[PDB]
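Here is what each chain is made of, one letter per residue.
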Amino acid sequence: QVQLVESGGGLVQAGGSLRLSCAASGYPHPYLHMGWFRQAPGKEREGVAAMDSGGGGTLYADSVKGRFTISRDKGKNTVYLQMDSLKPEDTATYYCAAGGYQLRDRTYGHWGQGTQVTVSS
């Protein structure tokens with residue numbers, strides 16, 4: 001139904017900055033949301049950021065407020081995660097998801113394969 005492709009991950013220095021990209025098939029759902037989630041080894045997956053199709057509505061996990069920014073290029077159907085002031089504990093697989101609500105992972109029915117981010121001190 002909707003396929004999602006993440007890019008932009010890898011090794012980065014602590015204190016540094018990355019921008020992740022998520023390309024999606026078709027067009028953004030008009031009322032449901034697209035989100036970034038992450039899952040570190042041994043831990044449950046957790047929401048990072050989400051937004052609506054207009055782009056006006058955005059929501060962030062407390063852990064990343066003020067450091068990460070979600071946005072869209074409507075010129076495509078690509079959503080971005082700008083990640084600044086990275087910390088070692090931000091190390092995780094980062095996933096793009098579509099068709100869900102806010103940071104409620106169980107409401108999303110489309111998930112990317114995920115992209116590794118490792119933050120090196």
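For this deposition, the record names X-ray crystallography as the technique by which the model was determined and cites 1.50 Å as its resolution.

Participant: What should I look at first to understand the state of the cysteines in this one?
Facilitator: By definition, a disulfide links the sulfur atoms of two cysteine residues through a covalent bond. According to the stated counting rule, one finds one disulfide in the structure shown. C22 shares a disulfide with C96; S-S distance 2.0 Å. The disulfide joining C22 to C96 has a torsion of about -80° about its S-S bond and is therefore left-handed. Of this pair, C22 sits in strand β3 (residues 18–24) while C96 sits in strand β9 (residues 92–100), and the two are 74 residues apart along the sequence. For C96, a relative accessible area of 0% translates into the label buried.

Participant: It is not clear to me how the pattern of salt bridges should be interpreted in this structure. Could you clarify?
Facilitator: Any two side chains of opposite charge can pair, on the condition that their charged atoms come close. Under the defined criterion, the tally for this structure stands at three salt bridges. Here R38 makes a salt bridge to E46, at a shortest N to O gap of 2.8 Å. What makes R38 buried here is its relative accessible area of 7%. With a shortest N-O distance of 2.8 Å, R67 and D90 are connected by a salt bridge. Of the two residues, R67 sits in the loop between β6 (58–60) and β7 (68–73) while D90 sits in the loop between β8 (78–83) and β9, which places them 23 residues apart along the sequence. Note on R67: relative accessible area 11%, which makes it buried. In this structure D90 comes out as buried when scored by relative accessible area, which is 1%.

The rules behind the values
- Residues numbered from 1 in each chain as written, not as in the entry; some residues may be left out.
- Heavy atoms only, no water.
- Disulfide = S-S within 2.5 Å.
- Helix = DSSP H or I, 4+ residues; strand = E, 2+ residues; numbered from the N terminus.
- Buried < 20%, exposed > 50% of the residue type's maximum accessible area, 1.4 Å probe, protein only.
- Salt bridge = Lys/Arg side-chain N within 4 Å of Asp/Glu carboxyl O.

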